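Asker: experimental structure and sequence below.
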Protein chains: 4
Amino acid sequence: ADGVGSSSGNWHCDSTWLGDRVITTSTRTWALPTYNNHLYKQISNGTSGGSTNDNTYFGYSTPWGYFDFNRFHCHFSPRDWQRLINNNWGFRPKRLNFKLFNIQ
Amino acid sequence: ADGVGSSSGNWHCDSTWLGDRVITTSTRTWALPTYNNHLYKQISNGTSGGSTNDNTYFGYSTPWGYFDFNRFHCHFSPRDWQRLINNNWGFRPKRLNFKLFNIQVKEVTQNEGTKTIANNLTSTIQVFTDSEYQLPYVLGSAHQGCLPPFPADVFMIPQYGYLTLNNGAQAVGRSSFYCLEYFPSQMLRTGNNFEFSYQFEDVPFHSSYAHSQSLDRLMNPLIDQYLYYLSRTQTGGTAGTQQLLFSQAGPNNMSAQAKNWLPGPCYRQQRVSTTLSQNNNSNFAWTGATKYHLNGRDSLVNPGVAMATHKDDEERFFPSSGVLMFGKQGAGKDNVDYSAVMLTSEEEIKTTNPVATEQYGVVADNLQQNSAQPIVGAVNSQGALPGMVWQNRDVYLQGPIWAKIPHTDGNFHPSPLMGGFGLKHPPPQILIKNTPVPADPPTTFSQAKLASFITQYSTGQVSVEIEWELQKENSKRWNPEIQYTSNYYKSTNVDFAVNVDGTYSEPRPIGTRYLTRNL
Amino acid sequence: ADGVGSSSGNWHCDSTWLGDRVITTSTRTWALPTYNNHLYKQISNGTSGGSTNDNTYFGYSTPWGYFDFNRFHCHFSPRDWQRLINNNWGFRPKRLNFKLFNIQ
Amino acid sequence: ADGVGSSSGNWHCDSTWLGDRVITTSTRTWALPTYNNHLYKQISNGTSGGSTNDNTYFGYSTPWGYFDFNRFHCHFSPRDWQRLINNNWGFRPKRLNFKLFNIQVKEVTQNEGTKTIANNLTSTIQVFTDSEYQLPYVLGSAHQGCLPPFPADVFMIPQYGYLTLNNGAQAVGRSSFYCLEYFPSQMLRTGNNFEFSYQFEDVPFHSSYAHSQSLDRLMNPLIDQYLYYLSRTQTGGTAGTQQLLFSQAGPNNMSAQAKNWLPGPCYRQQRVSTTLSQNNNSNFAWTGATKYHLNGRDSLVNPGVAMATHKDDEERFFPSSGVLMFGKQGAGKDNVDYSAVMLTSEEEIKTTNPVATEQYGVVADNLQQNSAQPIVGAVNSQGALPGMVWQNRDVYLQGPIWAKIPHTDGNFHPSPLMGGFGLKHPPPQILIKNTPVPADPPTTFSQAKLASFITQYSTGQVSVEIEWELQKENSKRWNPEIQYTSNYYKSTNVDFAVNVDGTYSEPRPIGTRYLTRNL
């Protein structure tokens, strides 16, 4: 069924409040550039050039990108965040589900 | 089976008449632009700039569009509308079926004044219906953007937007903001299609008929009443002395008989004549208008409670804002002459309904005594009294089908004042948007949201099907009833048809009230 | 089991929040005087004495007293009232239970 | 069967020793006054009036009283406490059983200096336990009002009250108010009784024993280490030159050996001598005190982290606030001489625990070079380091049994600093009140709350039973261990007995640490 003219996913964004748990789903549109012209490159900073010893580093930059949802406002709206903080003593994440679809 | 080279739907447009019901399906071609460059924007109007306090607002405009079929001419043809109104006492919508299919999404490229359109086969559109009624409901406001009345017209989908609480041009703490991407929606490519069904809640039949009697005439004309009234309070002569004399009201005096019922409520309005010389010389449109006052704002009552347009033998007069007004094909937006508008007429209801311009009646203003002559004042506005009966405003071929009854602690006779069927759970709003496709990003990371997109629009076909229940006409009347008829005489154009240049027009408003009933 | 030296009831005052409903129980201590020396008496007010026609009345006062809980603060605390009004679009009373006990 | 003329309970007071457990039950007679005239009242202390910022508070006093048995002498006798401490390495509470029975409620009448007490047979008391821990928990604060240590003493139930957030003498928005009538409670007349059971959560045995070794001596005294240390950095002679020489530390030098472990943490405190002439002449009690600083308030650390009271051959010195202090029978509240107090001693833990007055150790303060002589600074306060081991503070016959671990995101080694067992769900608070009985109301209705009540108090018996689990002593030691002993020599009074006037006293603190173990 995978094809050019049929969508591979739907837009699911909302929250649902059931008893002792809440399920917050959110959908976004992204754009991915080519990084580093498909190259790995080492990156470093030394003391030469007026930089401090404290800021020295050595590493690599990769052509890859990455998905990160580590901020609460990704998952919660301001109204949902208000329901959470006003009514509850505590919360913790139970489980996660991730999807990529409708790729151009 | 969803694919580029196979159609996802067919063209279904026609009506079928089965017994006590009719099923009208109609298909149109639409085009959806990108609105607001994929942005939400707040919109507001304050008093600054010469605008009136009455016109202030605060709200948001959304990138989303919406499908609206709220006018009868979407579903019915002029021939089908004639079958309905001539043969039936009433009708109501039973159920609904909606479809989107055969969707093309196209991209537009411009350089050097050259304009290229091409298919983008991997682009999507997003569609959701608001089933739980969680958004501001804008459909019952009689806006433009409905499906055309003529099936061969391609139409543009209107932009969605809503208003909320304001103080002047400013928001207040209660004023709310809605993101429509915070709803689950279905995403469709060219091979995908969309469908849902809807069932109307139980609603009273619209009454398509006129009364063959009037409240004040319900009596037997041949027989006297056994009751009495106060006929005469004074002896006749040169010097009269007070007395109480009583009479039984028969056919000779009908106005003085006792009656069980009262005419419907009124909210009085100002009388305008189509003959210009009879109208006052002044601009009384807004100033002499009938208005209601809500939180410091005055707003016109348009049309208002249902009242007869005029009494007998005056067709030149109409209530100022008190009747629906349709434009002729090609009429402008602003300051259009009387010739381009089409006024409707409610005169069919003058049997039970007070006339819009005239008073309701007169009541006593004082206590009478031999030193004080009686005084009787006029009642311009009358709320509901026990014993009132009234007719709702008529529905028209091009008029609104339904409205959403506001969600409130109480209401009285929740029939929409423009016309149609009041619904607590009306047909849901159908919201559609082109999914944004960004242009190439910078190749070095930036946190700013992407403002550069590929220009796109989408087209497709929309199909809507309503099942209507009919109330058959049981009348035992001997003489032939009035019908809606096409004029027999020759003309340059056919009514309800295209002209030489190819544009479709509706020459007149067609109401639904022709057959008659007894009170 | 009814006797002088055993209590005929317990003190139940609190609220419990279950799903789509809340149950608020409350207990108070009361005192009942003898009214009217065990008599019925007619009471009336006429226009004589400088009183207005609008305030005239005729009726009876009874030796009986009566229990009335018609104000919300009887049943709800200020914290419970806050949970109600912040989290809910509406409420209505379903059912009632009343008790008199531990009578001296 | 509940009635006026039949008792609702019996007097159960004794201990039974079965195998690895002991069950100590005790019964007392109590009296409950009416507090605050049946009123809640807010109480506060501000800086105005000469009071310190450190002593400011805000809270409420309640008409309710409460039962508290948090001291060991409630449950154990001095003979039972001796069986426990001499024969066992450890103990912990398993479970609890509580009873109220044989309740009298009495009314007091006064006129003309004549005072009449009579039974009111229809009055009630109210009792509830806070099972869900929904009230401020005041028990772990080592207050007065516990069951007496001597079973024949009749005691008064203490008034309940609590504190909350404040700024000065003023409340803040977060500061909370609790009505204890907003809890379901059981109402009892003279025939009724009250009971509940409780089970302790799993808690580590209190360690009743002293170590027969010290951390620094854990080595084999006969054998050298295979490791090395830096013995000498300079040649010996008139003019020395730098060098690095290394040695293996054997029995000859034990201080320089390598070790796997470190002494427990310290927070240093000031050294006070019981011989007065050795102390500085000044009032250093508060000023030279060891304190912690929380939201602008300084509060004494009393007793603080467990540290040895003194080192070898100095018993006259003790840390200022760093040890528990009990009064002798009849000691006053304020400014009491050293003779009436009884100081405890933690010296048993000087094996693993740094001494309270002395430093933890010394660390390097600088980088060394031929131009810079080494500098080594003293560590007065030391937090947890990997490799530390320590002993908790000892428990005493008259000291607190348990405390409630605060409900917080984190804690470290949540053993109460005064002593005993830290508990997340400790024994619940047991709250008791005389139900108000109003005097005759006015006979004409008034909305004001009734301020006139019959003066009443109640008496009865309270019984508490705890099951304790014992940890038997497995030691293979050859020579006889130290035991707790009564003095053989003659005296005017028996220790832990009543005197001529009939009052019971506890002559000394009795700790639990006598038997020994190896590290």
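Answerer: Arrived safely, thanks for sending. Numbering: from 1, shown residues only, chains lettered A, B, ... in the order given.
Asker: show me the strands in chain A, by range?
Answerer: If DSSP state E is used as the criterion, the strands of chain A fall at A:14-18, A:21-25, A:41-45, A:57-61.
Asker: a markdown table for those, including mean neighbour count and distance to residue D:7?
Answerer: For the C-beta atoms, the positions are set from N, CA and C on the backbone; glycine is no exception. Shown next, in a markdown table, are the strands of chain A (neighbours: other Cβ atoms under 10 Å in any protein chain shown; distance: least, Cβ to Cβ, whole Å):
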| stretch | mean neighbour count | distance to residue D:7 |
| --- | --- | --- |
| strand A:14-18 | 13 | 53 |
| strand A:21-25 | 14 | 53 |
| strand A:41-45 | 10 | 87 |
| strand A:57-61 | 10 | 82 |
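Asker: and of those strands, who's closest to residue B:482?
Answerer: Counting by Cβ to Cβ, residue B:482 lies closest to strand A:14-18 out of the strands of chain A; the figure is 54.4 Å.
Asker: the closest one near chain B at all?
Answerer: Yes. Applying Cβ under 8 Å from any Cβ of the partner chain, one finds strand A:14-18 touching chain B at residue A:14.
Asker: can you lay out the strands of chain A as CSV showing distance to chain C?
Answerer: Shown next, in CSV, are the strands of chain A (distance: least, Cβ to the nearest Cβ, whole Å):
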stretch, distance to chain C
strand A:14-18, 10
strand A:21-25, 14
strand A:41-45, 51
strand A:57-61, 49
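Asker: spell out which parts of chain A neighbour chain C.
Answerer: By the rule Cβ under 8 Å from any Cβ, the part of chain A lying against chain C is A:83, A:86, A:87.
Asker: and the first one, how far from residue A:89?
Answerer: When you say that, I think you mean residue A:83. Per Cβ to Cβ, to the nearest Å, residue A:83 is found 14 Å from residue A:89.
Asker: of these two, which one has the most company?
Answerer: Between residue A:83 and residue A:89, residue A:83 has the larger neighbour count (other Cβ atoms under 10 Å in any protein chain shown), namely 16 against 5.
Asker: got the CA coordinates for stretch A:52-72 in PDB?
Answerer: Taking Å, rounded to 0.1, in the frame of the first residue of the first chain, the C-alpha atoms of stretch A:52-72 are listed here in PDB:
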ATOM      1  CA  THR A  52      40.200  30.200  27.500                       C
ATOM      2  CA  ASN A  53      41.400  26.800  28.600                       C
ATOM      3  CA  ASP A  54      37.900  26.200  30.100                       C
ATOM      4  CA  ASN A  55      36.300  26.300  26.600                       C
ATOM      5  CA  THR A  56      38.600  23.900  24.800                       C
ATOM      6  CA  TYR A  57      36.900  20.900  23.100                       C
ATOM      7  CA  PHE A  58      37.500  18.100  20.600                       C
ATOM      8  CA  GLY A  59      34.800  16.300  18.700                       C
ATOM      9  CA  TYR A  60      33.000  15.500  15.400                       C
ATOM     10  CA  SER A  61      30.100  17.000  13.500                       C
ATOM     11  CA  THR A  62      28.000  14.500  11.600                       C
ATOM     12  CA  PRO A  63      25.700  14.700   8.500                       C
ATOM     13  CA  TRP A  64      22.900  13.300  10.600                       C
ATOM     14  CA  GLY A  65      20.100  15.200  12.200                       C
ATOM     15  CA  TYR A  66      18.100  14.200  15.300                       C
ATOM     16  CA  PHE A  67      14.600  14.500  16.700                       C
ATOM     17  CA  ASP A  68      14.400  15.800  20.200                       C
ATOM     18  CA  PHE A  69      11.300  16.400  22.300                       C
ATOM     19  CA  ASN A  70      12.700  17.100  25.700                       C
ATOM     20  CA  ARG A  71      10.700  20.200  26.700                       C
ATOM     21  CA  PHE A  72       7.300  19.900  28.300                       C
END
